[PDB]
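Peer 1: Coordinates in input18.pdb, PDB, C-alpha atoms and all ligand atoms, are listed below.
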MODEL        1
ATOM      1  CA  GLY R   1     -12.109 -13.023   8.879
ATOM      2  CA  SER R   2      -8.872 -11.532  10.200
ATOM      3  CA  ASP R   3      -6.060 -10.925   7.707
ATOM      4  CA  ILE R   4      -3.202  -8.575   8.547
ATOM      5  CA  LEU R   5      -2.132  -8.420   4.881
ATOM      6  CA  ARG R   6      -5.267  -6.404   4.112
ATOM      7  CA  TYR R   7      -3.531  -3.303   5.479
ATOM      8  CA  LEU R   8       0.029  -4.054   6.564
ATOM      9  CA  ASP R   9       2.460  -2.164   4.354
ATOM     10  CA  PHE R  10       5.693  -0.444   5.384
ATOM     11  CA  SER R  11       6.555   3.171   4.607
ATOM     12  CA  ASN R  12       9.838   4.903   5.416
ATOM     13  CA  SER R  13      12.192   7.873   5.212
ATOM     14  CA  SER R  14      11.781   8.562   1.490
ATOM     15  CA  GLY R  15       8.042   7.885   1.359
ATOM     16  CA  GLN R  16       8.391   4.617  -0.507
ATOM     17  CA  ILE R  17       5.801   2.012   0.442
ATOM     18  CA  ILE R  18       6.921  -1.601   0.573
ATOM     19  CA  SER R  19       3.844  -3.805   0.362
ATOM     20  CA  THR R  20       3.390  -7.292   1.803
ATOM     21  CA  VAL R  21       1.170  -8.180  -1.155
ATOM     22  CA  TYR R  22       1.792  -8.525  -4.906
ATOM     23  CA  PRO R  23       3.399  -6.736  -6.672
ATOM     24  CA  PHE R  24       5.216  -5.588  -3.487
ATOM     25  CA  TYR R  25       7.122  -2.693  -5.123
ATOM     26  CA  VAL R  26       5.625   0.149  -7.150
ATOM     27  CA  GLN R  27       8.408  -0.128  -9.763
ATOM     28  CA  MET R  28       7.121  -3.606 -10.632
ATOM     29  CA  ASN R  29       3.697  -2.116 -11.240
ATOM     30  CA  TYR R  30       5.349   0.503 -13.439
ATOM     31  CA  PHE R  31       7.200  -2.103 -15.519
ATOM     32  CA  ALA R  32       3.900  -3.896 -16.141
ATOM     33  CA  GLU R  33       2.331  -0.633 -17.329
ATOM     34  CA  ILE R  34       5.137   0.072 -19.803
ATOM     35  CA  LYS R  35       4.666  -3.438 -21.200
ATOM     36  CA  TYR R  36       1.329  -2.666 -22.865
ATOM     37  CA  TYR R  37       2.000   1.070 -23.131
ATOM     38  CA  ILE R  38       4.370   0.601 -26.086
ATOM     39  CA  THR R  39       2.380  -2.199 -27.735
ATOM     40  CA  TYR R  40       2.158  -0.333 -31.053
ATOM     41  CA  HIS R  41       5.865   0.439 -31.276
ATOM     42  CA  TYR R  42       6.529  -3.006 -32.647
ATOM     43  CA  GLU R  43      10.309  -3.425 -32.347
ATOM     44  CA  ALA R  44      10.410  -1.664 -28.975
ATOM     45  CA  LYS R  45       7.643  -3.989 -27.770
ATOM     46  CA  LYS R  46       9.423  -7.223 -28.749
ATOM     47  CA  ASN R  47      12.694  -6.030 -27.218
ATOM     48  CA  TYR R  48      10.932  -4.955 -24.026
ATOM     49  CA  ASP R  49       9.051  -8.240 -23.644
ATOM     50  CA  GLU R  50      12.382 -10.033 -24.006
ATOM     51  CA  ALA R  51      14.151  -7.803 -21.478
ATOM     52  CA  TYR R  52      11.167  -7.980 -19.108
ATOM     53  CA  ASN R  53      11.274 -11.782 -19.104
ATOM     54  CA  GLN R  54      15.021 -11.880 -18.449
ATOM     55  CA  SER R  55      15.115  -9.262 -15.681
ATOM     56  CA  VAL R  56      11.732  -8.481 -14.130
ATOM     57  CA  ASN R  57      10.281 -12.002 -13.878
ATOM     58  CA  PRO R  58      13.233 -13.573 -12.037
ATOM     59  CA  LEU R  59      13.318 -10.516  -9.759
ATOM     60  CA  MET R  60       9.617 -10.866  -8.929
ATOM     61  CA  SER R  61      10.149 -14.564  -8.220
ATOM     62  CA  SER R  62      12.971 -13.790  -5.783
ATOM     63  CA  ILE R  63      10.819 -11.206  -4.002
ATOM     64  CA  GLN R  64       7.811 -13.528  -3.905
ATOM     65  CA  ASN R  65       9.925 -16.337  -2.447
ATOM     66  CA  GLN R  66      11.250 -13.996   0.233
ATOM     67  CA  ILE R  67       7.713 -12.929   1.168
ATOM     68  CA  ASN R  68       6.739 -16.607   1.289
ATOM     69  CA  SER R  69       9.534 -17.258   3.788
ATOM     70  CA  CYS R  70       8.056 -14.573   6.048
ATOM     71  CA  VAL R  71       4.730 -16.404   6.359
ATOM     72  CA  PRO R  72       5.619 -18.358   9.534
ATOM     73  CA  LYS R  73       6.581 -15.014  11.066
ATOM     74  CA  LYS R  74       3.282 -13.522   9.880
ATOM     75  CA  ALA R  75       1.353 -16.421  11.412
ATOM     76  CA  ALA R  76       2.965 -16.002  14.835
ATOM     77  CA  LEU R  77       2.246 -12.266  14.664
ATOM     78  CA  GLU R  78      -1.425 -12.817  13.797
ATOM     79  CA  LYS R  79      -1.877 -15.397  16.558
ATOM     80  CA  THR R  80      -0.492 -12.884  19.055
ATOM     81  CA  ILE R  81      -2.887 -10.220  17.752
ATOM     82  CA  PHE R  82      -5.781 -12.683  18.112
ATOM     83  CA  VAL R  83      -4.912 -13.120  21.803
ATOM     84  CA  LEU R  84      -4.621  -9.358  22.318
ATOM     85  CA  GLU R  85      -7.962  -8.682  20.607
ATOM     86  CA  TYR R  86      -9.879 -11.379  22.462
ATOM     87  CA  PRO R  87      -8.248 -11.668  25.907
ATOM     88  CA  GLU R  88     -11.444 -12.553  27.783
ATOM     89  CA  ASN R  89     -12.222 -15.500  25.517
ATOM     90  CA  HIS R  90      -8.594 -16.620  25.804
ATOM     91  CA  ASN R  91      -8.932 -16.330  29.594
ATOM     92  CA  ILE R  92      -5.571 -14.575  29.758
ATOM     93  CA  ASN R  93      -4.749 -12.355  32.739
ATOM     94  CA  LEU R  94      -3.387  -8.805  32.814
ATOM     95  CA  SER R  95       0.259  -9.729  33.430
ATOM     96  CA  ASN R  96       0.380 -12.285  30.621
ATOM     97  CA  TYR R  97      -1.472  -9.792  28.421
ATOM     98  CA  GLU R  98       1.286  -7.220  28.917
ATOM     99  CA  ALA R  99       3.882  -9.864  28.071
ATOM    100  CA  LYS R 100       1.882 -10.764  24.965
ATOM    101  CA  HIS R 101       1.842  -7.127  23.886
ATOM    102  CA  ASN R 102       5.595  -6.998  24.401
ATOM    103  CA  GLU R 103       5.831 -10.112  22.220
ATOM    104  CA  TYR R 104       3.647  -8.452  19.574
ATOM    105  CA  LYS R 105       6.076  -5.531  19.242
ATOM    106  CA  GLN R 106       9.046  -7.852  18.717
ATOM    107  CA  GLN R 107       7.093  -9.984  16.252
ATOM    108  CA  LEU R 108       5.876  -6.965  14.278
ATOM    109  CA  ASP R 109       9.448  -5.680  14.117
ATOM    110  CA  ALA R 110      10.774  -9.099  13.085
ATOM    111  CA  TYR R 111       8.190  -9.503  10.315
ATOM    112  CA  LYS R 112       8.895  -6.001   8.997
ATOM    113  CA  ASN R 113      12.609  -6.813   8.771
ATOM    114  CA  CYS R 114      11.944 -10.130   7.040
ATOM    115  CA  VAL R 115       9.781  -8.279   4.512
ATOM    116  CA  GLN R 116      12.121  -5.306   4.074
ATOM    117  CA  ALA R 117      15.170  -7.574   3.774
ATOM    118  CA  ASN R 118      17.242  -7.019   0.609
ATOM    119  CA  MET R 119      15.148  -3.887  -0.061
ATOM    120  CA  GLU R 120      18.250  -2.107  -1.287
ATOM    121  CA  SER R 121      19.438  -4.866  -3.596
ATOM    122  CA  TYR R 122      15.900  -5.136  -4.978
ATOM    123  CA  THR R 123      15.635  -1.385  -5.615
ATOM    124  CA  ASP R 124      19.038  -1.378  -7.334
ATOM    125  CA  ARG R 125      17.991  -4.074  -9.805
ATOM    126  CA  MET R 126      14.738  -2.266 -10.570
ATOM    127  CA  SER R 127      16.769   0.890 -11.134
ATOM    128  CA  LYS R 128      19.102  -0.988 -13.486
ATOM    129  CA  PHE R 129      16.199  -2.320 -15.557
ATOM    130  CA  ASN R 130      14.600   1.134 -15.603
ATOM    131  CA  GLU R 131      17.727   2.572 -17.218
ATOM    132  CA  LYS R 132      17.616  -0.300 -19.704
ATOM    133  CA  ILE R 133      14.101   0.749 -20.734
ATOM    134  CA  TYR R 134      15.437   4.107 -21.964
ATOM    135  CA  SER R 135      17.720   2.420 -24.501
ATOM    136  CA  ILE R 136      15.023  -0.058 -25.540
ATOM    137  CA  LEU R 137      12.819   2.841 -26.635
ATOM    138  CA  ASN R 138      15.540   3.801 -29.111
ATOM    139  CA  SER R 139      13.827   1.128 -31.213
ATOM    140  CA  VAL R 140      11.037   3.637 -31.797
ATOM    141  CA  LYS R 141      11.726   4.289 -35.463
ATOM    142  CA  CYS R 142      10.950   8.023 -35.476
ATOM    143  CA  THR R 143      13.886  10.195 -34.358
ATOM    144  CA  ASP R 144      12.910  13.880 -34.136
ATOM    145  CA  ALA R 145       9.521  13.658 -35.847
ATOM    146  CA  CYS R 146       7.834  11.404 -33.244
ATOM    147  CA  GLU R 147       4.021  11.569 -33.277
ATOM    148  CA  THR R 148       2.081  11.776 -30.014
ATOM    149  CA  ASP R 149      -0.701   9.296 -30.844
ATOM    150  CA  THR R 150       0.229   6.562 -28.351
ATOM    151  CA  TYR R 151       0.804   9.132 -25.608
ATOM    152  CA  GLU R 152      -2.623  10.685 -26.158
ATOM    153  CA  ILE R 153      -4.324   7.273 -26.245
ATOM    154  CA  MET R 154      -2.736   6.055 -23.017
ATOM    155  CA  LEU R 155      -3.360   9.384 -21.288
ATOM    156  CA  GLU R 156      -7.045   9.100 -22.171
ATOM    157  CA  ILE R 157      -7.053   5.581 -20.739
ATOM    158  CA  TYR R 158      -5.350   6.771 -17.541
ATOM    159  CA  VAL R 159      -7.614   9.806 -17.165
ATOM    160  CA  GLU R 160     -10.789   7.719 -17.471
ATOM    161  CA  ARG R 161      -9.471   5.199 -14.938
ATOM    162  CA  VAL R 162      -8.614   7.726 -12.215
ATOM    163  CA  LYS R 163     -12.034   9.353 -12.646
ATOM    164  CA  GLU R 164     -13.762   6.055 -11.889
ATOM    165  CA  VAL R 165     -13.423   6.461  -8.117
ATOM    166  CA  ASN R 166     -13.992   9.441  -5.825
ATOM    167  CA  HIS R 167     -10.989   9.445  -3.493
ATOM    168  CA  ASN R 168     -12.658  11.996  -1.210
ATOM    169  CA  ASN R 169     -14.764   9.289   0.433
ATOM    170  CA  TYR R 170     -11.690   7.364   1.592
ATOM    171  CA  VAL R 171     -10.097  10.537   2.934
ATOM    172  CA  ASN R 172     -13.181  11.775   4.769
ATOM    173  CA  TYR R 173     -13.798   8.360   6.296
ATOM    174  CA  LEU R 174     -10.201   7.973   7.512
ATOM    175  CA  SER R 175     -10.130  11.522   8.883
ATOM    176  CA  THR R 176     -13.493  11.219  10.634
ATOM    177  CA  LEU R 177     -12.759   7.790  12.100
ATOM    178  CA  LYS R 178      -9.324   8.975  13.241
ATOM    179  CA  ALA R 179     -10.939  11.816  15.178
ATOM    180  CA  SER R 180     -13.360   9.471  16.964
ATOM    181  CA  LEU R 181     -10.449   7.170  17.826
ATOM    182  CA  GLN R 182      -8.512  10.105  19.268
ATOM    183  CA  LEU R 183     -11.562  10.903  21.386
ATOM    184  CA  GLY R 184     -11.617   7.256  22.453
ATOM    185  CA  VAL R 185      -7.954   7.450  23.503
ATOM    186  CA  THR R 186      -8.544  10.576  25.571
ATOM    187  CA  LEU R 187     -11.619   8.978  27.136
ATOM    188  CA  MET R 188      -9.628   5.873  28.117
ATOM    189  CA  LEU R 189      -7.052   8.086  29.848
ATOM    190  CA  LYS R 190      -9.920   9.238  32.057
ATOM    191  CA  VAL R 191     -11.091   5.632  32.486
ATOM    192  CA  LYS R 192      -7.711   4.465  33.804
ATOM    193  CA  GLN R 193      -7.906   7.189  36.462
ATOM    194  CA  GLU R 194     -11.212   5.819  37.748
ATOM    195  CA  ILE R 195     -11.092   2.073  37.076
ATOM    196  CA  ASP R 196      -8.525  -0.555  38.057
ATOM    197  CA  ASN R 197      -6.713  -1.901  34.989
ATOM    198  CA  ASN R 198      -7.969  -5.089  33.326
ATOM    199  CA  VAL R 199      -7.611  -7.023  30.061
ATOM    200  CA  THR R 200     -10.717  -5.392  28.555
ATOM    201  CA  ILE R 201      -9.193  -1.950  29.113
ATOM    202  CA  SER R 202      -5.866  -3.192  27.753
ATOM    203  CA  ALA R 203      -7.598  -4.620  24.670
ATOM    204  CA  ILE R 204      -9.437  -1.344  23.936
ATOM    205  CA  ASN R 205      -6.137   0.452  24.264
ATOM    206  CA  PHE R 206      -4.449  -2.014  21.864
ATOM    207  CA  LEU R 207      -7.298  -2.032  19.316
ATOM    208  CA  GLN R 208      -7.447   1.790  19.299
ATOM    209  CA  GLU R 209      -3.731   1.949  18.635
ATOM    210  CA  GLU R 210      -3.687  -0.533  15.754
ATOM    211  CA  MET R 211      -6.727   1.187  14.242
ATOM    212  CA  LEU R 212      -4.780   4.456  14.323
ATOM    213  CA  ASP R 213      -1.807   2.611  12.782
ATOM    214  CA  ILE R 214      -4.007   1.287   9.982
ATOM    215  CA  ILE R 215      -5.237   4.843   9.363
ATOM    216  CA  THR R 216      -1.626   6.061   9.197
ATOM    217  CA  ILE R 217      -0.906   3.464   6.494
ATOM    218  CA  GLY R 218      -4.183   4.361   4.784
ATOM    219  CA  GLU R 219      -3.235   8.040   4.774
ATOM    220  CA  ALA R 220       0.107   7.143   3.189
ATOM    221  CA  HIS R 221      -1.659   5.296   0.362
ATOM    222  CA  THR R 222      -4.211   8.115   0.114
ATOM    223  CA  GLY R 223      -1.384  10.578  -0.502
ATOM    224  CA  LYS R 224      -0.125   8.444  -3.392
ATOM    225  CA  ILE R 225      -3.602   8.101  -4.895
ATOM    226  CA  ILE R 226      -4.188  11.861  -4.822
ATOM    227  CA  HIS R 227      -0.683  12.543  -6.150
ATOM    228  CA  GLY R 228      -1.104  10.080  -9.006
ATOM    229  CA  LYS R 229      -4.620  11.130  -9.993
ATOM    230  CA  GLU R 230      -4.069  14.898  -9.965
ATOM    231  CA  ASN R 231      -0.882  14.585 -12.013
ATOM    232  CA  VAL R 232      -2.623  12.379 -14.579
ATOM    233  CA  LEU R 233      -5.401  14.961 -14.785
ATOM    234  CA  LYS R 234      -2.809  17.737 -15.016
ATOM    235  CA  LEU R 235      -1.158  16.100 -18.038
ATOM    236  CA  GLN R 236      -4.492  16.367 -19.853
ATOM    237  CA  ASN R 237      -4.758  20.116 -19.224
ATOM    238  CA  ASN R 238      -1.255  20.844 -20.513
ATOM    239  CA  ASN R 239      -0.877  21.365 -24.256
ATOM    240  CA  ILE R 240       1.355  19.078 -26.297
ATOM    241  CA  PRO R 241       2.364  19.613 -29.932
ATOM    242  CA  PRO R 242       1.309  16.973 -32.502
ATOM    243  CA  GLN R 243       5.036  16.357 -33.037
ATOM    244  CA  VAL R 244       7.784  16.000 -30.414
ATOM    245  CA  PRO R 245      11.380  14.721 -30.440
ATOM    246  CA  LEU R 246      11.981  11.171 -29.169
ATOM    247  CA  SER R 247      13.864  12.238 -26.030
ATOM    248  CA  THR R 248      10.767  14.199 -25.043
ATOM    249  CA  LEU R 249       8.470  11.317 -25.987
ATOM    250  CA  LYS R 250      10.244   8.884 -23.658
ATOM    251  CA  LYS R 251       9.749  11.216 -20.701
ATOM    252  CA  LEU R 252       6.098  11.805 -21.610
ATOM    253  CA  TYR R 253       5.615   8.034 -21.750
ATOM    254  CA  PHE R 254       7.490   7.377 -18.512
ATOM    255  CA  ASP R 255       5.896  10.216 -16.534
ATOM    256  CA  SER R 256       2.412   9.059 -17.547
ATOM    257  CA  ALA R 257       2.993   5.414 -16.678
ATOM    258  CA  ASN R 258       4.676   6.316 -13.387
ATOM    259  CA  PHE R 259       1.787   8.549 -12.302
ATOM    260  CA  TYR R 260      -0.768   5.828 -13.027
ATOM    261  CA  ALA R 261       1.365   3.053 -11.517
ATOM    262  CA  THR R 262       1.611   5.109  -8.320
ATOM    263  CA  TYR R 263      -2.155   5.625  -8.320
ATOM    264  CA  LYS R 264      -2.910   1.964  -9.034
ATOM    265  CA  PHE R 265      -0.378   0.578  -6.544
ATOM    266  CA  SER R 266      -1.988   2.455  -3.641
ATOM    267  CA  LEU R 267      -5.631   2.312  -4.771
ATOM    268  CA  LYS R 268      -5.711  -1.478  -4.431
ATOM    269  CA  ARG R 269      -4.483  -1.177  -0.840
ATOM    270  CA  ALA R 270      -6.826   1.660   0.104
ATOM    271  CA  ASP R 271      -9.823  -0.629  -0.470
ATOM    272  CA  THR R 272      -8.856  -3.557   1.778
ATOM    273  CA  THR R 273      -7.664  -1.117   4.462
ATOM    274  CA  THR R 274     -11.240   0.131   4.868
ATOM    275  CA  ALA R 275     -12.571  -3.404   5.356
ATOM    276  CA  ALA R 276      -9.987  -3.993   8.074
ATOM    277  CA  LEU R 277     -11.177  -0.901   9.946
ATOM    278  CA  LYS R 278     -14.752  -2.221   9.837
ATOM    279  CA  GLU R 279     -13.626  -5.512  11.372
ATOM    280  CA  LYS R 280     -11.650  -3.786  14.130
ATOM    281  CA  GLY R 281     -14.379  -1.193  14.664
ATOM    282  CA  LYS R 282     -17.034  -3.828  15.311
ATOM    283  CA  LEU R 283     -14.753  -5.435  17.900
ATOM    284  CA  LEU R 284     -13.943  -2.079  19.498
ATOM    285  CA  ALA R 285     -17.627  -1.240  19.939
ATOM    286  CA  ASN R 286     -18.118  -4.610  21.630
ATOM    287  CA  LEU R 287     -15.087  -3.947  23.837
ATOM    288  CA  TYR R 288     -16.573  -0.594  24.870
ATOM    289  CA  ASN R 289     -19.855  -2.290  25.813
ATOM    290  CA  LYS R 290     -18.019  -4.964  27.792
ATOM    291  CA  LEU R 291     -16.215  -2.259  29.774
ATOM    292  CA  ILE R 292     -19.541  -0.567  30.552
ATOM    293  CA  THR R 293     -20.596  -3.642  32.550
ATOM    294  CA  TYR R 294     -17.459  -3.289  34.683
ATOM    295  CA  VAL R 295     -17.942   0.422  35.386
ATOM    296  CA  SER R 296     -21.694   0.161  35.974
ATOM    297  CA  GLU R 297     -21.761  -2.056  39.063
ATOM    298  CA  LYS R 298     -18.633  -0.580  40.664
TER     299      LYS R 298
HETATM  300 CL    CL R 301     -17.723   9.536   6.356
ENDMDL
END
Would you write out, as structure tokens, the structure that this file holds?
Ligand SMILES: [Cl-]
Peer 2:
Amino acid sequence: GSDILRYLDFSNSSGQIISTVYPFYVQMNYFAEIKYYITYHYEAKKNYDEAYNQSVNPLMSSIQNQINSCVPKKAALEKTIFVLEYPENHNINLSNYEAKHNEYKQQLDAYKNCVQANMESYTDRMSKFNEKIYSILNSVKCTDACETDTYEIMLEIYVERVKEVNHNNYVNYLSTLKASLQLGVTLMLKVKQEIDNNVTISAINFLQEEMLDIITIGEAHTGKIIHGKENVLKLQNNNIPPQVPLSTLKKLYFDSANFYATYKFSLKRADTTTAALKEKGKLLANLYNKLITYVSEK
């Protein structure tokens, strides 16, 4: 049941997470949230739906097509991983294993670049549409006397949604599993001092590293989930007047939707990441037991 897309996302310098799965960019999630956020501001809603269709939908299609072109690269990468995870059943030797691992690095790097291609052009267009949203909300008929009904409704919706899951169970699992993996790594350093290298040892070593890599990605998403949830909850605690000016209202709208979009974008990924760890963990335990047979009779 292997599927690298269950966990493989790419973070960077700024902390942005580019995902290999729909909707790929968090801004796209945000634009979808705004769409039904302003559903009761009638003129703003019709204008937004029109602008969304002209800008966001062709952009998503271009991104989706790019991701689709990366599939052959993804396939080659996953076939390499399959060899590295099951070397004994592949009947591959140590030397060819090391070459395969070398190939894996190149293939992971090549897939990442195929996925992150045009990242800058994509971000620019999302930024351009985001600025366009500000002027679209000028269609909100109130000017200085804007009522905070819609904001309070959506906030209540967001608050109830982030309360539905306890994020602490993800965090504690990742942290606790990470620690046991770090123990495993240290243990294997002692193993290589006592036992001649083989593909089982190499596989344990590889599987431990990619499990740590998955945790790193999972921690990145966990940070976004916590950031999004706490800020949503914070908005509820802060007092707002029954009446605010429109310029304020736009920011209240946008801040709310952005906090939830951030939460939602990473929450979806946090789930499947856990299932991937279970798959790898089961294999790792089997790899450990296989190695025991080697050590025992030597
Ligand atoms: Cl736990």
Peer 1: I'd like the residues picked by the PyMOL selection byres (((chain R and resi 25) around 12) and not hetatm) written out as a ChimeraX atom specification, using the chain letters and numbers from the file.
Peer 2: /R:9-11,16-24,26-32,56,59-60,63-64,115-116,119-120,122-123,125-127,261-262,264-266
Peer 1: I'd like to see the residues matched by the PyMOL selection byres (((not hetatm)) within 7 of (chain R and resi 301)) on this file, and ideally I'd get them as a ChimeraX atom specification.
Peer 2: /R:169,172-173,176
Peer 1: Identify, on the basis of only C-alpha atoms, every residue whose closest approach to segment 180-182 of chain R does not exceed 12 Å; exclude the query and any residue fewer than 3 positions from it along the same chain; express the result as a list in words.
Peer 2: residues 173, 174, 175, 176, 177, 185, 186, 187, 188, 189, 204, 205, 206, 207, 208, 209, 210, 211, 212, 213, 214, 215, 277, 280, 281, 284 and 285 of chain R
Peer 1: In Å, how far is it from atom CA of residue 138 of chain R to atom CA of residue 238 of chain R?
Peer 2: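 Separation between atom CA of residue 138 of chain R and atom CA of residue 238 of chain R: 25.4 Å.
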Peer 1: Could you list, as a list in words, every residue within 10 Å of residue 76 of chain R, counting all atoms listed in the file and ignoring same-chain residues fewer than 5 positions away?
Peer 2: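 Surrounding residues, per the criterion: residues 71, 81, 82, 103, 104, 107, 108 and 111 of chain R.
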Peer 1: One decimal, in Å: what's the spacing between atom CA of residue 86 of chain R and atom CA of residue 219 of chain R?
Peer 2: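 About the pair atom CA of residue 86 of chain R and atom CA of residue 219 of chain R: they are 27.1 Å apart.
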Peer 1: Since fewer atoms than expected are present, regenerate N, CA and C atoms for segment 105-116 of chain R and write them as an mmCIF file, in the coordinates of the input.
Peer 2:
data_model
loop_
_atom_site.group_PDB
_atom_site.id
_atom_site.type_symbol
_atom_site.label_atom_id
_atom_site.label_comp_id
_atom_site.auth_asym_id
_atom_site.auth_seq_id
_atom_site.Cartn_x
_atom_site.Cartn_y
_atom_site.Cartn_z
ATOM 1 N N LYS R 105 5.147 -6.544 19.737
ATOM 2 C CA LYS R 105 6.076 -5.531 19.242
ATOM 3 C C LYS R 105 7.295 -6.164 18.578
ATOM 4 N N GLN R 106 7.884 -7.150 19.248
ATOM 5 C CA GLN R 106 9.046 -7.852 18.717
ATOM 6 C C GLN R 106 8.693 -8.564 17.416
ATOM 7 N N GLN R 107 7.537 -9.219 17.409
ATOM 8 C CA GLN R 107 7.093 -9.984 16.252
ATOM 9 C C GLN R 107 6.732 -9.094 15.066
ATOM 10 N N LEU R 108 6.163 -7.924 15.340
ATOM 11 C CA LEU R 108 5.876 -6.965 14.278
ATOM 12 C C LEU R 108 7.183 -6.450 13.686
ATOM 13 N N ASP R 109 8.148 -6.169 14.556
ATOM 14 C CA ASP R 109 9.448 -5.680 14.117
ATOM 15 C C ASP R 109 10.205 -6.745 13.328
ATOM 16 N N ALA R 110 10.080 -8.000 13.751
ATOM 17 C CA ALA R 110 10.774 -9.099 13.085
ATOM 18 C C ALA R 110 10.185 -9.376 11.704
ATOM 19 N N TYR R 111 8.861 -9.291 11.594
ATOM 20 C CA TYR R 111 8.190 -9.503 10.315
ATOM 21 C C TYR R 111 8.537 -8.391 9.333
ATOM 22 N N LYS R 112 8.534 -7.152 9.820
ATOM 23 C CA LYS R 112 8.895 -6.001 8.997
ATOM 24 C C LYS R 112 10.295 -6.153 8.406
ATOM 25 N N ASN R 113 11.232 -6.631 9.219
ATOM 26 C CA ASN R 113 12.609 -6.813 8.771
ATOM 27 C C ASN R 113 12.742 -7.946 7.762
ATOM 28 N N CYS R 114 11.963 -9.003 7.963
ATOM 29 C CA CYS R 114 11.944 -10.130 7.040
ATOM 30 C C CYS R 114 11.400 -9.681 5.685
ATOM 31 N N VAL R 115 10.401 -8.806 5.723
ATOM 32 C CA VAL R 115 9.781 -8.279 4.512
ATOM 33 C C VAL R 115 10.683 -7.253 3.825
ATOM 34 N N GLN R 116 11.272 -6.362 4.616
ATOM 35 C CA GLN R 116 12.121 -5.306 4.074
ATOM 36 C C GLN R 116 13.555 -5.763 3.812
#
